[PDB]
Amino acid sequence: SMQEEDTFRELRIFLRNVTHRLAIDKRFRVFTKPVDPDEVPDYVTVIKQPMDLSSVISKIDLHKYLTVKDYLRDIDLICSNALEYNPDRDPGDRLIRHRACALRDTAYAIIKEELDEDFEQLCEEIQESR
Ligand SMILES: Cc1cc2ccnc(N[C@@H]3CCNC[C@H]3OCC3CCS(=O)(=O)CC3)c2[nH]c1=O
């Protein structure tokens with residue numbers, strides 16, 4: 001219905017705003033675009049589902065997220081990919097891992113403060129009806 005389409009449009013607006021606020025944070029620059037294979041050639045072989053904030057924006061615009069839970073799965077993926085690919089004790093690896101956890105924590109904190117639980121519940125119930 002028109003009301004359900006209005007609901008998902010509001011969701012997309014909300015998700016674009018959250019994602020933009022993450023994307024403009026200097027700490028998260030490394031997560032804004034896909035990994036360049038010329039810089040990191042074994043990434044594609046090690047990480048089976050690459051995810052980044054530009055891919056998240058594309059997925060929002062392709063109507064791929066019907067709930068905030070589905071969106072947070074991809075944010076969690078950005079984080080888990082970083083922990084998997086950069087597991088070493090070296091400062092480079094430790095920096096990106098800290099940034100990855102910060103990205104995750106920041107996304108969850110924004111959502112905790114600004115997502116209405118009844119709005120998310122509505123999204124989930126519409127999704128479950130399809
Ligand atoms: C998304 C991503 C991008 C990336 C780009 C370059 N190098 C990586 N990993 C290196 C693997 C071996 N040890 C050093 C690591 O690079 C650390 C470096 C810290 C600064 S940063 O801006 O977070 C880019 C990664 C990278 N690992 C990644 O997971």
Side-chain angles (χ1 to χ4, degrees), residues 1 3-130:
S1 67
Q3 296 83 225
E4 293 180 345
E5 288 321 298
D6 288 354
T7 302
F8 292 132
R9 185 156 184 278
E10 173 160 2
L11 174 65
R12 292 193 296 275
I13 293 164
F14 176 73
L15 297 180
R16 283 188 206 101
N17 176 265
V18 174
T19 309
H20 178 76
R21 288 151 69 186
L22 300 173
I24 68 184
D25 195 310
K26 301 277 187 279
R27 291 177 294 173
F28 310 142
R29 182 211 56 78
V30 65
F31 308 122
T32 57
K33 302 298 183 174
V35 176
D36 182 25
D38 298 324
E39 182 178 11
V40 191
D42 72 322
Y43 192 86
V44 165
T45 61
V46 175
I47 297 298
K48 298 312 186 183
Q49 189 168 198
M51 188 57 57
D52 67 278
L53 298 170
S54 69
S55 298
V56 168
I57 287 297
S58 297
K59 287 182 72 171
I60 292 165
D61 296 344
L62 286 165
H63 299 196
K64 299 291 191 191
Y65 304 120
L66 299 188
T67 72
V68 181
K69 194 179 158 213
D70 292 331
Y71 170 88
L72 285 172
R73 257 183 255 274
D74 277 348
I75 297 302
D76 284 340
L77 187 57
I78 292 174
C79 182
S80 60
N81 284 346
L83 304 192
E84 186 188 339
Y85 186 77
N86 316 273
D88 302 355
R89 66 137 305 270
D90 69 76
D93 281 25
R94 281 178 176 165
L95 176 57
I96 191 171
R97 288 207 305 281
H98 189 268
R99 287 170 166 176
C101 292
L103 175 72
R104 173 198 69 207
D105 291 351
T106 298
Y108 275 84
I110 288 168
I111 284 159
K112 189 162 192 289
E113 274 184 326
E114 305 174 26
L115 175 60
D116 189 293
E117 289 174 12
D118 290 330
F119 181 86
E120 173 61 10
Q121 188 61 38
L122 180 54
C123 287
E124 287 178 11
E125 288 178 8
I126 297 171
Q127 185 191 42
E128 283 169 296
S129 75
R130 314 203 160 171

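Only this structure's heavy atoms are used, side chains among them; waters, hydrogens and symmetry mates stay out. One is the number of the first residue; the rest follow in order along the sequence.
Minimum heavy-atom separation, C101 to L83: SG-CD2, 4.2 Å. Across every non-hydrogen atom of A102 and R27, the tightest pair is CB-NH1, 4.0 Å. Counting all heavy atoms, side chain and backbone alike, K48 lies closest to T45 at NZ-O, 2.7 Å. The heavy-atom pair separating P50 from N81 by the smallest distance is CA-ND2, 3.8 Å. Closest approach of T7 to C123, counting heavy atoms only: CG2-SG, 3.9 Å. Considering all non-hydrogen atoms of both residues, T67 and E120 come closest at CB-OE2, 3.5 Å.
Residues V18 and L72 fall within the same hydrophobic cluster, defined by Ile, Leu, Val, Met, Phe, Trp and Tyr side chains chained together at heavy-atom separations under 4.5 Å. Follow the hydrophobic side-chain contacts under 4.5 Å out from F28 and you never reach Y43; the two are in separate clusters. In the hydrophobic cluster analysis, where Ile, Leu, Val, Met, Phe, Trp and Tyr join through side-chain heavy atoms closer than 4.5 angstrom, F119 is grouped together with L66. Residues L77 and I111 share a single hydrophobic cluster, defined by chaining ILVMFWY side chains whose heavy atoms lie under 4.5 Å apart. Follow the hydrophobic side-chain contacts under 4.5 Å out from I24 and you never reach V30; the two are in separate clusters.
Interatomic distance, CG of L122 versus CG of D116, reported as 10.0 Å (0.5 Å rounding). Rounding to the nearest 0.5 Å places CD1 of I126 at 9.5 Å from CD of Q3. Going from atom CZ of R73 over to atom CD1 of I78 covers 15.0 Å, rounded to the nearest 0.5 Å.
Across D70, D74, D52, a single residue satisfies salt bridge (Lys or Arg N to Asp or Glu O under 4.0 Å) together with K59, and that is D74.
Between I110 and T106 there is a side-chain heavy-atom pair separated by less than 4.5 Å. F31 places none of its side-chain heavy atoms less than 4.5 Å from the side chain of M51. Proximity of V35 to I47: side-chain heavy atoms (C-beta onward) are nowhere separated by under 4.5 Å. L103 is not listed as a side-chain neighbour of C79, based on a closest heavy-atom distance of 4.5 Å or more. Within the 4.5 Å cutoff, the side chain of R12 has no heavy atoms near those of the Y65 side chain. Considering only heavy atoms from C-beta on, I57 stays 4.5 Å or farther from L15 through its side chain.
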Note to self: For a side chain to side chain donor-acceptor pair (under 3.5 Å) check, start with the C-alpha distance between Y108 and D76, then their side-chain angles and the critical distance, and finish with the verdict.
What the structure shows: CA-CA 10 Å; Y108 275 84; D76 284 340; 2.8 Å; yes

Next item on the list: Could you go through the side chain to side chain contact (heavy atoms under 4.5 Å, CB included) check for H63 and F8 one step at a time?
Entry: CA-CA 8 Å; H63 299 196; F8 292 132; over 6 Å; no

Next item on the list: Before giving the answer on side chain to side chain contact (heavy atoms under 4.5 Å, CB included), spell out for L53 and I75 the whole-Å C-alpha distance, their side-chain angles and the decisive distance to 0.1 Å.
Entry: CA-CA 8 Å; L53 298 170; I75 297 302; 4.2 Å; yes

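Ion pairing of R130 with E4 is present here, as a side-chain N (NZ or NE/NH1/NH2) and a carboxylate O approach within less than 4.0 Å. Salt-bridge annotation for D61 and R16: present, with a side-chain N of the basic residue lying under 4.0 Å from a carboxylate O of the acidic one.
When atom types are taken as modelled, the side chain of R97 and the backbone of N86 share a donor-acceptor pair closer than 3.5 angstrom.
Around the CD atom of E113, the shell of radius 6.0 Å holds no more than 12 heavy atoms that belong to other residues, nucleotides or ligands. Heavy atoms of other residues, nucleotides or ligands lying less than 6.0 angstrom from NE2 of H98 number 12 at most.
No side-chain donor from either of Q121 and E117 sits under 3.5 Å from a side-chain acceptor of the other. For the residue pair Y85 / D42, a side-chain donor-acceptor distance below 3.5 Å is found, with atom types taken as modelled.
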